[PDB]
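Here is the structure we will look at.
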Amino acid sequence: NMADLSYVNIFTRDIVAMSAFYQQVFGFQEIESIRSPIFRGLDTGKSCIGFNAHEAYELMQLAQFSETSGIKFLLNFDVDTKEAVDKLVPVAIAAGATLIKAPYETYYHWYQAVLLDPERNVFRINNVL
Amino acid sequence: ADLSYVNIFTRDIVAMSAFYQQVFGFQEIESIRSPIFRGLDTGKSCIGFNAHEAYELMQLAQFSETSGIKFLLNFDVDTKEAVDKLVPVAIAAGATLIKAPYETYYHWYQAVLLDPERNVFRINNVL
């Protein structure tokens, strides 16, 4: 491929707690080789999820956008069954997630739940019917 | 679990999907297309573009007003030169260069840009 979406990075206040949250809920393994004082990466089997500390804003000349509110993206996680979605929801909430929408079937026939992670980023636990 | 998609809430799903296709060559996923959604195949996690109606559908309306940026998409290319050549391709497609191609202390050659709707992405090469 001409270009590879190797990482989806989330700017976070606590990369250790954020990494721990996604590991706890989905079991992704950390990628120790890419670890740094301001970064944590998890292997998802596809695009990796990265967590960057706030130092990352100034480092990339993005300080002007460091004041954030609302949500503009979401991570969609697929599981093998509808039952797996029902089971993972409480696990996520116990880990610090906030339930926005209980498991339901979408117009495009996907069974999913909509939640917020500990730092209020949106993610879905989904199953393609 | 599988990170199948990373969705970006957008004002113009057509313009946005076209931008990423024009810069990286991702092919559209027809089977997931809808009046409020466009999906692109990247070889790994897909990139989705959701029109604003998606906020209400997921009961996220109270979060529709946003500020700043909280994520970025990192695209790796095969060579150092690929980074230098792709920056003008992105700008021609409508991007804004924020940080010109440079080498980090851990030897990654990259550039930071904004897509047409002010979402951040990087063109990177591991030296």
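Structure data summary
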| quantity | calculated |
| --- | --- |
| Antiparallel bridge percentage (DSSP; both residues within chain A; nearest 5) | 65 percent |
| Among B:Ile36, B:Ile47, B:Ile69, residue whose mean-square fluctuation peaks in a GNM of chain B (springs only between Cα atoms under 10 Å) | B:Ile69 |
| Candidate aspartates and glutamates for bridging to A:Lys87, where Cα separation is under 19 Å - those fewer than 8 sequence places away on the same chain excluded | A:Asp78, A:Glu105, A:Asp117, B:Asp2 |
| Alpha-carbon centroids, region A:76-129 and region B:65-104: separation in whole Å | 31 Å |
| Loop-located trypsin sites (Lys or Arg not before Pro) in region B:54-127, at most 14 other Cβ atoms within 10 Å (DSSP) | B:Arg118 |
| Violating pairs (Cα-Cα greater than 26 angstrom) within the set A:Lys72/B:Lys44; A:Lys72/B:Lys99; A:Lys72/B:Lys80 | A:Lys72/B:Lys80 |
| Distance (nanometres) between label positions extended 7 Å along Cα→Cβ at A:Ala102 and B:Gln59 | 0.8 nm |
| Among B:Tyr106, B:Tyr55, B:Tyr20, residue whose mean-square fluctuation peaks in a GNM of chain B (springs only between Cα atoms under 10 Å) | B:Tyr106 |
| Distant alpha-carbon pairs in the protein assembly as shown (separation over 21 angstrom), percent | 57 percent |
| Geometric extent, Cα atoms of region A:4-98 - Rg, Dmax (angstrom) | 14.4, 44 |
| Of A:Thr81, A:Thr68, A:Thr44, the one that fluctuates the most in a GNM where chain A has Cα springs shorter than 10 Å | A:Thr68 |
| Sequence-separation-based contact order of chain A, relative, with Cα cut under 8 Å and 6+ spacing, percent | 22 percent |
| Backbone HN-Hα couplings from phi across region A:89-97 [Karplus 6.51/-1.76/1.60, Hz, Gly and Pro as x] | 4, x, 4, 5, 4, 4, 7, x, 6 |
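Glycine gets a Cβ as well: all are built from the backbone with ideal geometry, and neighbour counts include every protein chain shown. Laboratory data are not the source of any read-out in this text; all were calculated from the coordinates shown.
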